[PDB]
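Just the one chain here, the form deposited in one PDB entry, laid out as C-alpha cells.
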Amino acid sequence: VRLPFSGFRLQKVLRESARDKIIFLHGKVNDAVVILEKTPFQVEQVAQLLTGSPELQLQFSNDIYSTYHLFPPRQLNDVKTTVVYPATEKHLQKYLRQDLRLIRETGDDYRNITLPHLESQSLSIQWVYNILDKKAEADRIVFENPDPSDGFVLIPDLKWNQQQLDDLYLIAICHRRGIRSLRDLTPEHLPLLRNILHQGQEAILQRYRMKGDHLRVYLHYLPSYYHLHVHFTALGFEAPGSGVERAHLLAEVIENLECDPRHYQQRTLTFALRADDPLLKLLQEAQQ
C-alpha cells in the first residue's frame, strides 16, 4: 500500500527507454532503486472508452490525419512500480546505461588512432580460442567447417534458451586467427565470408527448420571482441546491436569486397562509443 522506505531523493536516472515507456531511478532513502513502467493497453477498456465521449486536446491536424492528447479514467492510468531496497553498487551496475556518442572513422583515423589504441590494450580472447579448440562449449556446436583458413564454428548465443525460434540468436566464429574486425577484411576472406553466410544459413535451415529469408545475418563494427564473428538472428527479434549505427549485413560485406578490394581499409565507418571511452576523445581530438 505504501513505500518500504521513508522519503526518496533522486540522485541519478540509471536508465530510461523512451520506446518501452520505462524509467530507472536511483535514490537515497531514509540506497534504493525505483522502476516505473507504463502499462500495456487493455483492448476491452480502450474500446469501451473510445465508444464514449472523451477528454481530447488536438495537438495538430493534417489532411485525413489528426493527433490528440487523451486523459482516460483511473482504470486506464495504471503504472507498474518496482522497488529495490536495499540496492548496492553492483545492483546499480546492471541498470547503468552509458551515454553514447557517434563517430565517423576514416581509414586513416583507423590506421593512426584506433589500431594503435586497441594495440595498447591486452583484450584477452582465450574464451574464444577455447570454443575453437573444443576445450569449451563443445556440446553447443550446431555446425563446424574445420578448415583452418576458410572454416568457422556456429554456436547458439548463451542468452538464447533454444525453446522457441522467435528469438533465434546464433554466432559464427571463424577458425582463422588475426581477423580482428571488418577493417581487416579483403577479397582473400571471401571464401570464409561466403561459407559463414551460405553454410551457416543451410545449418540453421537443417537444425531449426528456419528459412534464410527469416534471418538477419550481420557483423558489428566496433565489436565487443577482436576476433571476427557473425550474428544470425530471427528477423522478428528486434534488439540494440541490429541497429544501423553498428550492424553490417554479411551479404553486403561480401558484395562490397567483390566490387572494391580496398573497401574496408579505405572507406569511412560510422559507429557509437560510450562518452567516457578514451578512444572517443582520441578520434575527436584527431578530427580537429
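Sequential numbering from 1, following the sequence displayed.
Gap check for residue 30 to residue 31: 4 to 9 deposited residues are absent from the model. Judged by mean Cα B factor in the deposited record, 114-122 ranks above the other of 204-212 and 114-122. The mean C-alpha temperature factor is higher for 91-99 when 128-136 and 91-99 are set side by side. Highest C-alpha temperature factor among 71, 143, 169, 218 per the entry: 71. For the set 244, 235, 222, 36, the maximum C-alpha B-factor listed in the entry falls on 36. Sort the modelled residues of the chain by CA B factor and residue 199 lands in the lowest third. Ranked by C-alpha B-factor against the other modelled residues of its chain, residue 178 falls in the middle third. The PDB entry assigns residue 185 a C-alpha temperature factor belonging to the lowest third of its chain's modelled residues. Ranked by C-alpha B-factor against the other modelled residues of its chain, residue 55 falls in the highest third. For residue 86, the recorded CA temperature factor ranks within the highest third of the chain's modelled residues.
In what follows, reference is made to the form deposited with a small molecule bound, a form of this protein that is not presented.
Just one of 109, 144, 150, 137 comes within 4.5 Å of the small molecule in the bound PDB entry, counting any heavy atom, and that one is 137. Interface residue among 171, 165, 190, 103, judged by heavy atoms within 4.5 Å of the small molecule in the bound PDB entry: 171. Mapping the unseen interface onto this chain, residue 82 counts among the residues with a heavy atom inside 4.5 Å of the small molecule in the bound PDB entry. Although the partner is absent from this view, residue 155 contacts the small molecule in the bound PDB entry, with a non-hydrogen atom inside 4.5 angstroms.
The shortest heavy atom separation between residue 129 and the small molecule in the bound PDB entry exceeds 4.5 Å. Taking the partner from the other structure, the small molecule in the bound PDB entry has no heavy atom within 4.5 Å of any heavy atom of residue 177. Only one of 112-120, 191-199, 92-100, 68-76 places residue heavy atoms within 4.5 angstroms of the small molecule in the bound PDB entry, namely 92-100. Among 194, 226, 156, 97, only 97 lies at the hinge, the spot where C-alphas switch from fitting one rigid part better to fitting the other between this form and the one not shown.
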